[PDB]
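Notes for the one structure printed next.
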Amino acid sequence: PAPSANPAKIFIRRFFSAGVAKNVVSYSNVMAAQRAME
Amino acid sequence: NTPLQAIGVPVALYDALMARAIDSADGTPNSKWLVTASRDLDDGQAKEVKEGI
């Protein structure tokens with residue numbers, strides 16, 4: 001079963017940093033979604 | 001979350017336009033034939049022209 005080793009590790013090296021709780025959507029995108037409702 | 005969230009602009013436009021319409025309905029003179037005489041016509045025979053027309 002599960003091999004635990006995916007090739008998705010390119011990104012945590014430098015492009016990202018572990019244990020930070022990054023948000024899932026840019027604030028600009030949030031505000032865009034808001035005014036798109038009016 | 002109601003449609004009334006997004007119809008303020010068009011309803012405002014609509015009522016403004018209809019106010020323009022009702023306003024100009026009463027206020028624009030409904031006459032034709034703007035007839036004008038000259039500056040030598042003897043008011044006393046100018047009136048004869050008015051009654052004749």
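Each chain of the structure tokens is named A, B, ... in the order shown, its residues numbered from 1; ligands are numbered from 1 in display order.
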> Within 12 Å of chain A, which residues of chain B show up when using only C-alpha atoms, listed as an MDAnalysis selection string?
Replying inline: chainID B and resid 1:9
>> Set the distance at 12 Å and use only C-alpha atoms: which residues neighbour segment 25-35 of chain B once local chain neighbours fewer than 2 positions away are removed? I'd like the list as a ChimeraX atom specification.
In response: /B:18-23,37-38,46,49-50,53
